[PDB]
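Atoms within each ligand, like the ligands themselves, are counted from 1 in listed order. So you know, we letter chains A, B, ... as the sequences are listed, proteins then strands, and number each from 1. Heavy-atom basis, side chains included; hydrogens, waters and symmetry copies ignored.
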Amino acid sequence: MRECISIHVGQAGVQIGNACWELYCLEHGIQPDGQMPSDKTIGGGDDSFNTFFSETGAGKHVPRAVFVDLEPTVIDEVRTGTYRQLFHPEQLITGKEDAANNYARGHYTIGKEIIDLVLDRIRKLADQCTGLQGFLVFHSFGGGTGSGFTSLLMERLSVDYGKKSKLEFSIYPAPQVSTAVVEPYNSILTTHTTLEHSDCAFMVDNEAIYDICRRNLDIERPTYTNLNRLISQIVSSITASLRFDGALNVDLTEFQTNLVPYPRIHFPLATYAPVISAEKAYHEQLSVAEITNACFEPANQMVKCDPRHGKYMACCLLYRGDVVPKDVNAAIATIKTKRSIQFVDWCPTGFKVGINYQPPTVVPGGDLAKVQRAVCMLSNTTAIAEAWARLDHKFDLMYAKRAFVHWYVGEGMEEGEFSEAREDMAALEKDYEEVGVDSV
Amino acid sequence: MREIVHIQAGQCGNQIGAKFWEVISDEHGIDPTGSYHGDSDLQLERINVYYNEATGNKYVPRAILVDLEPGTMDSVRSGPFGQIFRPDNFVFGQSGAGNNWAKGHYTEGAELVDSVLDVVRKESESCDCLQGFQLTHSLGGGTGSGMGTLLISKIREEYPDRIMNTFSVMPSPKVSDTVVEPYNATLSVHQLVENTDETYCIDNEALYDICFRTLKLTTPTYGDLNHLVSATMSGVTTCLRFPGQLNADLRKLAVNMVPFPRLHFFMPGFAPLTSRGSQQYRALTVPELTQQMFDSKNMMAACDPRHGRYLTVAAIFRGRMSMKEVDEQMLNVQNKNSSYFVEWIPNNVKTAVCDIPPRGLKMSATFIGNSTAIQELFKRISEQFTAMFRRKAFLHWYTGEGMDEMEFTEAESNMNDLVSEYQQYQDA
Ligand SMILES: Nc1nc2c(ncn2[C@@H]2O[C@H](COP(=O)(O)OP(=O)(O)OP(=O)(O)O)[C@@H](O)[C@H]2O)c(=O)[nH]1
Ligand SMILES: Nc1nc2c(ncn2[C@@H]2O[C@H](COP(=O)(O)OP(=O)(O)O)[C@@H](O)[C@H]2O)c(=O)[nH]1
Ligand SMILES: COc1ccc(N(C)c2cc(=O)oc3ccccc23)cc1O
Ligand SMILES: [Ca+2]
Ligand SMILES: [Mg+2]
Ligand SMILES: [Mg+2]
C-alpha cells in the first residue's frame, strides 16, 4: 500500500505509457527483464516503488498497469519491444477493429465487446493490492478509443470501485500532429461523459509540447517519440511523490486537497522546467530561482493559455533533485514581488511545496539534458478554461452544420447526446467564470 | 488523584508527544530502556503521575499512541526513546485521514476508536486514582483534529468525572500543509470548548515567529518548532511531576485557572528562549526571567497580551534561585502593570518554584496565562474559515464523508460566541 494501477487506453495512452514505464525503470534501477539488484526483499515488500510495481517470487518487478487498444498494432510493439518481459501477456489487451476515430465505436459498437475482459484484467491487478489508492488513466481526447473506450471504462470503474480515486492524463488535440478532423466531437463527448467520474485530470496540449520541443530542444519537426519523452518527464514529476520517499516529500493526494476547490474544477495546469538541450546545459547551471521563475513563463506550460489574464485558486511546486527549502522560499519571495500572480479572494495565497531528492533521469539517445534539479508547478487557474473555449468553438463550427454527425448516429448515438455534452461544456466554462468573480 | 493517562493522536500529536517523553524521561532520570539512572530523590517521588512501574524494575510511560496511518508511529518506534513505549499502546489504522476532520471524526476514525478506548480502559483499570487525561494533537489535520476530538467525546462519556487536558496545536498559513486547516480547526475548537477542562493553545504562528525573529533561524523546520513545544510542555507540567510547596494535579489547575467553564484556553510562555545546538552561556537574573516570561515575544500563542486582560496566571520558576527575589519580581511586575490583570479576582497570579532546572539551563521560567487576548487567535481562524466558507470552497471533501454545511455554520457560531464571551470580561 498504497498501490496505484495505471490504465493506458488507445494509441496515445499506450505510447505515453511506454515512455513512462521505461523512465520509471530507469529511475528505480529496474532492468528490461524486471530484475532490480538493489531490491533485497524478494517477491514482495512495501517500499515506495511498490505503489507502481508488484514483485514475483523470481524477483521480477512488474508494472501495476493495463494497456488497452481496440486494434492490435500499437500494443504489438510493446509485446515485441525492449520492455516485453516487464509485462505479463494478460496486461496487454487488444481487439481486432479500432474505433475508426469515432467516439460511438469506442464507447458502444466495438468497446462493449472487450469491456468485461478489461475489467476482469483490472480486477486481477486490484486483488493483488493490500490498500489500493486508485487509478491513473492515460488517453487522448481525440481518438475513437481514447475518447469512447475511456469514457465507458471510467463509468464502469465508478460502478465497480465506488469512489476510489481516478486521475487522468489527457492528450488535448493540436492541428500539427492530430489524426482526425472529428477530434473536437470526440473531445467534448468524452469530457462530458467522464466529468463526474474523474477526481483530477492533467491535460497535456499537444501544441504546447510540440512548441517546447521546437523552441527549447531545437527539434525541427517533433514526432510522437519526441513529445512522449517530454510528457513522461512531466508525468514522472507528478508521480515521484508516490514512488519515492523522503522527509520533504509531499503526497500527490495532499496537493489534490489544494487543487480541487469544487468537484468539477479539477483540471490543474502543469508547467515544467528546465527543458534544455545538452549543448545549452553544458557549463550552464540552472539554479532553484531560475527553474522556479521558468514556471511562470507561459511558454513552459503543458496547456496553452494565459494565467496572467486569469486568477489562481492554488499553486503547488513539486521539486526534484538538489533543492533545499531555504532556496525555494527565497525564489518564491522574489517571484511574488515581480509576477502577475493574482488569487481569487476566497483562497489563501501560500504556495504548497514538495521536494523529492532523487534527481531527474533521462532516457538514452534522448533530447533533454540531464540536470541537477527540476520542478513541476501545478496550478489551479481560471485560465485553463481558454482550452475549453477553443475546443468548444471548433465543435460549434462543425455541429451547427451537423458535419460528420451521421457517422455517430449510424453507430447508435443521438443528436441529443451532442447537445447535452456541449451544454455541460458551456456550464463548465461558466463555472470557471463564476469562481473568478469576487465575493460579495 | 495520582495517575495521568497520556494520549497522542496523528502526525503532529505523535511528534510533539515523542519529544515530551524524551524531555521528561531525561528530567526524571529514565533512559530509553526504562531504567532509572539519576541521583535525586525528587526525580522519583511523584513519578507515578506519568509512569507505570513494571516489576522490571522498569518505568513505562502511561502513553497511548494513535494514528490512522502507520508512518509517523513507525518513526516514533525507531526514534531516540522509541523502545520505552508499551508496544500494545500503539493503535494504528492504514488508510490515513487526508487532512480531513470528517474522515477522522466520522468515517475512518470511527472505525479505529473502539480499539483505542480498549487501550485507554486497560490503563485506567490499572490506576490507583486516575486524575484524567492529557491529549497532544494538532487542530489543522484530520487524525489529531477529527479523531482526537472524537476520542475526547468518547472518553468523557465513559469517564465524565475525570479531567480532560489538551495541548492543541493551532494552524497558521505561515506553516501550512493544506488550505482546509481553518475548517479542521473551527470544527475542532467547537469540540474543545464543550469537552475539555483546560487547553494549551500552541500556536504555529507564534512558534514560527519565535524561531525567525528571536532564534534567528531563517528557515524553521517542524523540529525547531517542536523544541519550543517540548520545553513549554515540560514547564507547564512541572508542578504535576515534582514535589514542591504547592502540590498540583489536573483538577486543582482547572479550579484555580478557569473562572467560567468555556474560558479554558491557556496562552503558555517560556523563558529563556533558546534553540537546539547554539545555546547561551550567560546566566539569567531573576528580573530578566520575569521580564522575558511576560513578554509577547515569549508567548506560544500569537496574541498581544496588551490587547486584553489576564483572568489568572500560573508561573513556574525552575533552578536554584532566591525564592524571595522571585516573589519580589512577580509582585513587582503585577504592581507595575495592574491594569492588565482583572481587579475582581484577588491574588490571580500564582507562583511556584522547583529546584530541578530543565536540561541545558541553570534557570527557567514557564508561563501559563488565561488571558482574554486569546480571542485574537480565534478571530484569526474565524476570518480564514469565513473567507473560504462564504463561497463553500473545498466543502466537497467533507460532504463526501456525509457531513452537512449546517455543521460548519454551527461550529463557526460557537467559536464566534467564545470570542465575544472573552470580549465581555476584557471590559469588566
Ligand atoms: N502526445 C501524443 N499524442 C498522440 C500520440 N498518439 C496519438 N496522439 C494524439 O491522439 C489523437 C488521436 O488519438 P489516438 O490515441 O491515436 O487514437 P486511438 O485512441 O487509438 O483511437 P482510434 O485509433 O480512433 O481507435 C491525436 O490528437 C494525436 O495527435 C502520442 O504517442 N503522443
Ligand atoms: N508544531 C508542529 N506542528 C505540526 C507538526 N506536524 C504537523 N504540524 C501541523 O499540524 C497540522 C496538520 O496536522 P497533522 O498532525 O499533520 O495531521 P494528522 O496526522 O491528520 O493529525 C498543520 O497545521 C501542520 O502545520 C509538528 O511536528 N509540529
Ligand atoms: C481532412 O482531415 C483528414 C482527412 C483524412 C484523414 N485520413 C484518415 C486519411 C486516410 C487515408 O487513407 O489517406 C490519407 C492521406 C493523407 C492524409 C490523411 C489520410 C485524416 C484527416 O484528419
Ligand atoms: Ca522487494
Ligand atoms: Mg488507434
Ligand atoms: Mg501531516
Quiz item: By residue and atom, what protein N/O/S atoms are less than 2.8 Å from the Mg ion (ligand 6)?
Solution: B/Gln11 OE1
Exercise. Measure from the ring center of A/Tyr408 to the ring center of A/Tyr185 and say whether it is less than 6.0 Å.
Key: yes
Practice problem: Compute the centroid of each ring, for B/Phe394 and then for B/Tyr183, and state whether the two points are separated by less than 6.0 Å. | Solution: no
Practice problem: Verify side chain to side chain donor-acceptor pair (under 3.5 Å) between A/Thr257 and B/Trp397, making sure each step is shown before the conclusion. | Solution: CA-CA 8 Å; A/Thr257 308; B/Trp397 299 120; 5.1 Å; no
Quiz item: Can you check whether a protein heavy atom sits less than 4.0 angstrom from atom 20 (C) of ligand 3?
Solution: yes
Quiz item: atom 4 (C) of ligand 3: protein heavy atom closer than 4.0 Å?
Solution: no
Practice problem: Classify the ring geometry between B/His6 and B/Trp21 as parallel (under 30°), tilted (30 to 60°) or perpendicular (over 60°). | Solution: perpendicular
Quiz item: Can you tell me if B/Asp67 uses its side chain to pair, donor with acceptor, with the backbone of B/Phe92 under 3.5 Å?
Solution: no
Quiz item: Is A/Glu97 salt-bridged to A/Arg105, cutoff N-O under 4.0 Å?
Solution: yes
Practice problem: Before accepting this row, confirm whether a basic side-chain N of the pair A/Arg2/A/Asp251 lies closer than 4.0 Å to the acidic partner's carboxylate O. | Solution: no
Quiz item: Does the cation-pi check pass for A/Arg422 over A/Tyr399, that is, NZ or CZ under 6.0 Å from the six-membered ring centre and within 45° of its axis?
Solution: no
Atoms in ligand 3 flagged as close to [X], the criterion being non-hydrogen separation under 4.0 Å:
{"X": "A/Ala180", "result": "22 (O)"}
{"X": "A/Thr179", "result": "20 (C), 21 (C), 22 (O)"}
{"X": "A/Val181", "result": "2 (O), 22 (O)"}

